[PDB]
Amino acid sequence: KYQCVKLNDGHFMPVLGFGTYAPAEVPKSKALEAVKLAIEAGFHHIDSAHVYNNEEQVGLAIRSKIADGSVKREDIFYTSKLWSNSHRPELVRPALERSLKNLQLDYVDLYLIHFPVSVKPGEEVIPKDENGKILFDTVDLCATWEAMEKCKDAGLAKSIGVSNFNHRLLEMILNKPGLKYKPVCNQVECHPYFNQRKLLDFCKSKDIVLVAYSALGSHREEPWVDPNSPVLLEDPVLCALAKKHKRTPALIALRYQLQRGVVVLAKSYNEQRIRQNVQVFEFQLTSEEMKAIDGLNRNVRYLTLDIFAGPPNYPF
């Protein structure tokens, strides 16, 4: 057994997820070993995406661990994401099918709209013109959503959700005429320096689960993240809590999320830290400790994705 939350479509999501993105300088082979170790350590939720360029490796990890008898498919919750070159409704299913072919899996447990800004279709994930300008595309995301709903009725995605949506774009989906399925989740940046309380409360009021990425302060990959941004895990309050509980600042930051009702992702490709992160289930924070962590909030967003700023759907 393992800790899961009931989604608004009746499916269950493990509350601790394994993040799989690594910057491009890291070989892909590392994804294979890391996901196997994650499963060994007791992660039951694995977070990837087409744009991570690792689904062949992550899929092989999964398959290997099923095939050697370590785990059943039903006890892996696998998430992929629809990249913005495939927002057009007729391209949604083909993108999911392509992911599933790279994975050699029959379905994903969760498929998300990765980012609300659309780009031109084709193989290139960030298509640019000859002058380096991103080739943006105009797509009705409520039509993209209808295409997601059909993927769910086809059984290719057990649940569907979104990522990097703001209040306005969520309302846009939720208020859609003929809506069949609400998003189960909104996967967004969330940590003690950006605790998303307002958006969390909104999602709760709608029974949408907030899934926290960059919960340990992000991969800090340039130029996506500003190197002058504070280092979350160096925070003196988180470090003092860690010392008090004989844990680590990472574990404090992960436990914080669980207790506030957030499903939390954690990426590590280091054997020791993968095993450490599952220790989030071994301790609890008092109300006073949780308040101290609420106090660290500083409106620091690490991932702006501001190369996609300009179009109206840019969410930040």
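All residue numbers are counted from 1 along the displayed sequence. If you superpose the two forms and keep the largest set of C-alpha atoms that fall within 1.5 Å, you have the rigid core.
With every structure aligned by its rigid core, 127-135 is the stretch of 127-135 and 143-151 whose CA positions lie farther away in 8 other deposited structures of this protein. Look at the mean CA B-factor for 253-261 and for 63-71 in the entry; the higher one is 63-71. Higher mean CA temperature factor between 10-18 and 295-303: 295-303, per the PDB entry. Looking only at 219, 128, 81, 87, the residue with the top Cα B factor in the deposited structure is 219. Within the listed group 160, 117, 172, 190, the record reports its top CA B-factor for 172.
Per the PDB record, residue ranking by Cα B-factor puts residue 228 in the highest third of the chain. In this PDB entry, residue 109 carries a Cα temperature factor that places it within the lowest third of its chain's modelled residues.
Per the deposited record, the Cα B-factor of residue 56 falls in the middle third when ranked against the other modelled residues of its chain. When all modelled residues of the chain are sorted by CA temperature factor, residue 37 is found within the middle third.
Sort the chain's modelled residues by C-alpha temperature factor and residue 181 lands in the highest third, per the entry.
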